[PDB]
């Protein structure tokens, strides 16, 4: 029995009733997957039994296993990872929250002229072992069919635009993505595990714990190559 409890209007849900591990039924896995897609980031609590091997075994059921700043993970490659699982190991006595934003909700909220702009824009993403890729600013989510924004801090520029225009448009879209209403902010506790849809989110690791020691363990799941609204795929420039 997988119960899903919404945390906010546009993003975030708690999951309850699941002892997380590699031995879950297909019904349970696909209910977890359904929640992930709908809510964008989901949180399990009380997973005291869970270790690295268990986290990995669990990850294997959801896909194929593989920063004080707003970003989507590893967008400087063509095959942007679809999701990540993050488990608390050692937490500071204060701070160390993480925030997520819905790039789906942000798109839906765009007025028509700005939607169409986003639909037609392409962005150069890089890691500066050099990677450079041109991604559409709007990609069609391969599992939900929903249109979602693809931006974040690996964006160097928008194709065909002056740098001053890239800066202004990037800020305009980012402002809409990171509006507090499109975000959820999680306070980590021991036994917590978060899973997010990296195709429909950005996130931000808040450095508000003064460099107290903090360890979480991440498993990342392979994704596909973004397709734009007209069927065009991302173009790898380097890497």
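Positions refer to the first chain, counted from 1.
The gap between residue 128 and residue 129 holds 10 or more unmodelled residues of the deposited sequence. According to the entry, the deposited sequence has 10 or more residues without coordinates between residue 66 and residue 67. Just going by the entry, 78-86 versus 97-105 on mean CA temperature factor gives the higher value to 78-86. Look at the mean CA B-factor for 107-115 and for 165-173 in the entry; the higher one is 107-115. Of the candidates 138, 155, 133, 91, it is 133 whose Cα B-factor is highest according to the PDB record. Among 208, 197, 192, 52, the highest C-alpha B-factor recorded in the PDB entry belongs to 52. Per-chain ranking of the deposited C-alpha B factor places residue 28 in the highest third. Looking at the C-alpha B-factors along this chain, the one for residue 44 belongs to the lowest third. Annotation for residue 213: CA B-factor lies in the middle third of the chain's modelled residues. In this PDB entry, residue 57 carries a Cα temperature factor that places it within the highest third of its chain's modelled residues. Compared with the other modelled residues of the chain, the Cα B-factor recorded for residue 149 ranks in the lowest third.
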